[PDB]
Amino acid sequence: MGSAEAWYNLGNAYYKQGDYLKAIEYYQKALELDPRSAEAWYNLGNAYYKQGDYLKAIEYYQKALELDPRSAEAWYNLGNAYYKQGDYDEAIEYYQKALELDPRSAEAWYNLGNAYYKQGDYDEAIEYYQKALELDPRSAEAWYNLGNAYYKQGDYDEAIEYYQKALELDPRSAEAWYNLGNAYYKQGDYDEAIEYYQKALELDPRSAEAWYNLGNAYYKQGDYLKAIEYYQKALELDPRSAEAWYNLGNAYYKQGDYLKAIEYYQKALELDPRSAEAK
Ligand SMILES: [Ca+2]
């Protein structure tokens, strides 16, 4: 029917300002006038998804691929539901399908990484992230995620090189600086991690995990009083943390050993400028 359309075009009229309830109804209206328009069942799925309901989004994604099984846009948003639900297993294969029909699509590829990254099988996540950048090398998010899927493998020298770029593309990401630090802190480097953790806090100073990794930097250096200060902050921020305490206790009672190292050394130095000669 062509009256369906006036309804569908009511659904999409609301879609494109919000009230997805309204769109659900007007779709559900249109769907009775023509339960053979994919664009209706699709955009029915596309409402339900957007609110939070996915089981029903899948139902009304399957039934829209019964009609037209010939659009990535249908397969792409189809894999998501699952990803966004949890079942990455499936989202993948469902994705691949959309990459057979519509290969050249950063968003399709990227998410495949996101899928494989999320599966724990990073080796393979790289491949797709590569493709995604290869098509579209302006997605800050890829270089981040890529720098991420090297970090987890153990190639920091690589993962630094990749974060590096991301930072260029979007220097406006707090939760990037933190890894860029962490990358340094894993190897034999603890200074640059501070210059960079410092930044992460310049951007988001109510991130505690930063304040605490920043603390960590100084304990490996041995500035324990300054380290504490950063764990101090990170405790007002997370009072229930388990090892908020243990670590902060370790930090206090570290300094201890130091001051007493100063003592016993200063008091060996007072038993050999008058009970020894030169050597
Ligand atoms: Ca494998």
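Residues numbered from 1 in each chain as written, not as in the entry; some residues may be left out. Heavy atoms only, no water.

Structure determination for the deposited model, as stated in its record, used X-ray crystallography, and the stated resolution is 2.88 Å.

Chemist: Tell me about the nonpolar core, residues and numbers included.
Modeler: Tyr-27, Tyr-95, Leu-112 and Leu-214 are the most contacted members of the largest nonpolar core, which has 83 residues in total. Look past the residues within four positions of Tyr-95 in its chain and what remains in contact with it is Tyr-76, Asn-80, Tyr-83, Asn-111, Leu-112 and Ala-115. (Core = buried A, V, L, I, M, F, W, Y, C linked by side-chain atoms within 4.5 Å. Buried < 20%, exposed > 50% of the residue type's maximum accessible area, 1.4 Å probe, protein only. Contact = heavy atoms within 4.5 Å.)

Chemist: Pulling in residues and values, what's your account of a negative patch on the surface?
Modeler: On the surface, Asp-155, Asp-157, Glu-158 and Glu-161 cluster together to form a negatively charged patch. Here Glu-158 shows up in helix α10 (residues 156–169). Using a relative accessible area of 33% as the deciding quantity, one classes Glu-158 as partly exposed. (Patch = residues over 30% accessible without salt bridge, like charges linked within 9 Å, V, L, I, M, F, W, Y side chains within 5 Å. Areas by Shrake-Rupley, 256 points an atom, 1.4 Å probe, with all protein chains shown as cover. Salt bridge = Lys/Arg side-chain N within 4 Å of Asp/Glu carboxyl O. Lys, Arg positive; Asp, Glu negative; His and termini not counted. Charge placed at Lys NZ, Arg CZ, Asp CG, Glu CD. Helix = DSSP H or I, 4+ residues; strand = E, 2+ residues; numbered from the N terminus.)

Chemist: For α10, give the residues involved together with the corresponding values.
Modeler: Three- or four-residue spacings in an α-helix give side chains the same orientation, since the helix completes a turn every 3.6 residues. Its 14 residues place the ends of α10 20 Å apart at the C-alpha level, agreeing with the 20 Å of an ideal helix rising 1.5 Å per residue. Buried residues of α10: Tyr-156, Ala-159, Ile-160, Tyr-163, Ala-166 and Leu-167, and no others. Looking down the long axis of α10, one finds its buried residues gathered within 125 degrees of arc, a one-sided arrangement. Projecting away from the buried face of α10 at angles above 90 degrees are the exposed residues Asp-157 and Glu-168. (Expected span 1.5 Å × (residues − 1). Arc of directions from axis to C-beta.)

Chemist: Can you break down a nonpolar patch on the surface residue by residue, with the values?
Modeler: A cluster of nonpolar residues, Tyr-258, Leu-259 and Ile-262, forms a patch on the protein surface that exposes about 300 Å² of accessible area. For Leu-259, the position within the fold is in helix α15 (residues 242–266).

Chemist: Tell me what's going on with the side chain of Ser-207, and back it up with residues and numbers.
Modeler: Within the secondary structure layout, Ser-207 lies in the loop between α12 (192–203) and α13 (208–221). Among the polar contacts made by the side chain of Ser-207, one reaches the side chain of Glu-209 at a distance of 3.3 Å. When neighbours within four sequence positions are excluded, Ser-207 is seen to be in contact with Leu-201 and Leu-237. (Polar contact = N/O pair within 3.5 Å; in protein donor to acceptor, adjacent residues only side chain to side chain.)

Chemist: Run through the packing of aromatic side chains, naming residues and quoting values.
Modeler: Under the definition given, this model contains 27 aromatic pairs. Taking the centre distance of 5.1 Å and the plane angle of 20 degrees together, the rings of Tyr-116 and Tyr-128 count as stacked. Taken together, the positions of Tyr-116 in helix α7 (residues 106–119) and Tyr-128 in helix α8 (residues 122–135) put the pair 12 residues apart, joining distant regions of the chain. Classification of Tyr-128 by relative accessible area gives buried; the value is 16%. Linked through ring pairs, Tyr-42, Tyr-49, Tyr-54 and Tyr-61 together constitute an aromatic cluster. The ring of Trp-41 is capped by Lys-63, whose NZ or CZ atom sits 5.1 Å from the centre of that ring. In this arrangement the basic side chain of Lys-84 is found over the ring face of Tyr-49, its NZ or CZ atom lying 5.9 Å from the centre. (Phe/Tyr/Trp six-rings, centres within 6.5 Å; stacked < 30°, edge-to-face > 60°. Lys NZ or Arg CZ within 6 Å of the ring centre and 35° of its normal.)

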